[PDB]
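As structure tokens, one chain now follows by itself in the form deposited in one PDB entry.
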């Protein structure tokens, strides 16, 4: 830690505080996350250091000293949340939306192929650079460790319904929600409690039943007393988006996690037929 000089606080992660810092040896500028240690943690983390991909924020180093764990990450200058807030008036152009969606699907396909799930995808966890890249951040830290409130907006329905042994499908759901948000400039399911989140999902996609999601009625927190809402049109949900886009989104938002499209399959979707890599307008 003496080898690092803090520059500024750039966030309060879920696990601790995050600083922009400079490495006194390498001269490197990095994102330092101070985690306030179980052996089980150390080893799962050391596994993440090897999960290297262009669309995954690189874990540079893991420093364990004095009952503190420090995670040293690659630094990027902006997150999708800020970029979305900044692009609110005209919206992110569709080609850049497609590019970002495509890259994140690549990152997920990679993680998922190695049986690693993100668990907590959200705009604040997706970092961008001037080159038009977008990267998954805080990847794998959820399985590692377990005042600000945790956002539920991107949580898959199987997690909300109490499934303990959920799959890579949860990340696809979250990315579907982010996709919709880029397109419409409004969060898709902005719930403020677990039941509000679930009921917001139900009101748009219809209350799930055994027809569309076999086994749903036996989930830990399923209640027969859930109100029954009918499903709405995707044409109403993400209007501007073309049919290829709406088709892909619908498959990312399937209720049944086993019907939900995989990241690999999604990369082959016709939506990506004309994908390109534009450069964003970023003010840093």
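We call the rigid core the largest set of C-alpha positions that still match within 1.5 Å between the two forms. Numbering follows the first chain given and starts at 1.
- The modelled chain breaks between residue 146 and residue 147, where 4 to 9 residues of the deposited sequence lack coordinates.
- According to the record, the deposited sequence contains 4 to 9 residues between residue 36 and residue 37 that were left without coordinates.
- According to the PDB record, 3 to 11 carries the higher mean C-alpha B-factor of the two stretches 3 to 11 and 275 to 283.
- When the two stretches 98 to 106 and 149 to 157 are set side by side, the higher mean Cα temperature factor goes to 149 to 157.
- For the set 225, 258, 67, 217, the PDB entry assigns the largest Cα B-factor to 67.
- Of all the options 269, 24, 264, 20, the entry's greatest CA B-factor is assigned to 24.
- Per the deposited record, the Cα B-factor of residue 48 falls in the highest third when ranked against the other modelled residues of its chain.
- The entry lists a Cα temperature factor for residue 179 that places it in the lowest third of the chain's modelled residues.
- In the PDB entry, residue 166 places in the middle third of its chain by CA B-factor.
- Per the PDB record, residue ranking by Cα B-factor puts residue 28 in the highest third of the chain.
- Residue 244 sits in the lowest third of its chain by CA B factor, as recorded in the PDB entry.
One more form of this protein should be noted, the form deposited in another entry, which is absent from this view; the next part is about it.
- After superposition on the rigid core, the C-alpha displacement between the shown form and the other one reaches 2 Å or more for just one residue among 236, 43, 259, 228, namely 43.
- Core-superposed comparison between the shown form and the other one: CA of residue 74 displaced by 2 Å or more.
- Annotation: Cα of residue 141 displaced by at least 2 Å between the shown form and the other one, core superposition.
- Shown in the overlay between the shown form and the other one, fitted on the rigid core, is a CA shift at residue 14 of 2 Å or greater.
- In contrast to the form presented, in the other form the C-alpha positions of residue 117 and residue 67 spread farther apart by 3 Å or more.
- In the other form, the CA atoms of residue 159 and residue 16 sit farther apart than in the displayed form, by at least 3 angstroms.
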